[PDB]
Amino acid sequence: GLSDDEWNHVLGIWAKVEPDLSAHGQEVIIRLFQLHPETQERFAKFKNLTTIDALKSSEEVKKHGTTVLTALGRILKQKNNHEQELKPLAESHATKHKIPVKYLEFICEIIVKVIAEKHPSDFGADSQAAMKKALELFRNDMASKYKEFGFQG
């Protein structure tokens, strides 16, 4: 996938994200639901969190956003060989939650967005290109794994 000098850009940011992972994680979930309300339907647990304000104030939502980013970071860190980290993610998203590859792309777009919003002097063109290509490789590999579980995407 990526060249070392892209991974360098990816890891470069990521280090700047971890100090506030929790905050980032929650903004990504809230933004997902608010820009794409269909995704909210896949979370039985957040079903009731109807207004925005009930989202901003859920500590389940923050906890789950933190969980989403944590796994991402683990996978970004393995750089190009991240199969042992993806597999369990692919399995649950395919056989359990049943998440389309399109929703995957939706969240990847927001992750990039949230980072840019939060790190204006550091998240530049180059880093943005590289981040995208990293999330794109993740999306692909997820989609591929999905097939081994009989799920389409």
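All residue numbers refer to positions in the sequence shown, first residue = 1.
Novice: Could you settle it for me: does 51-59 or 25-33 have the higher average Cα B factor in the PDB entry?
Specialist: Between 51-59 and 25-33, it is 51-59.
Novice: Which has the higher mean CA temperature factor in the PDB entry, 39-47 or 108-116?
Specialist: For C-alpha atoms only, the mean B-factor is higher in 39-47.
Novice: Going by the CA temperature factor in the entry, name the top one among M142, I13, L135, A129.
Specialist: Each of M142, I13, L135, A129 was compared by C-alpha B-factor; the highest is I13.
Novice: C-alpha B factor of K87, ranked within the chain: lowest, middle or highest third?
Specialist: CA B-factor rank for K87: highest third.
Novice: For the chain shown, is the CA B-factor of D4 in the lowest, middle or highest third of its modelled residues?
Specialist: Its C-alpha B-factor, which the entry lists for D4, ranks in the highest third among residues of this chain.
Novice: What third of the chain does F149 rank in for C-alpha temperature factor, lowest, middle or highest?
Specialist: Its C-alpha B-factor, which the entry lists for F149, ranks in the middle third among residues of this chain.
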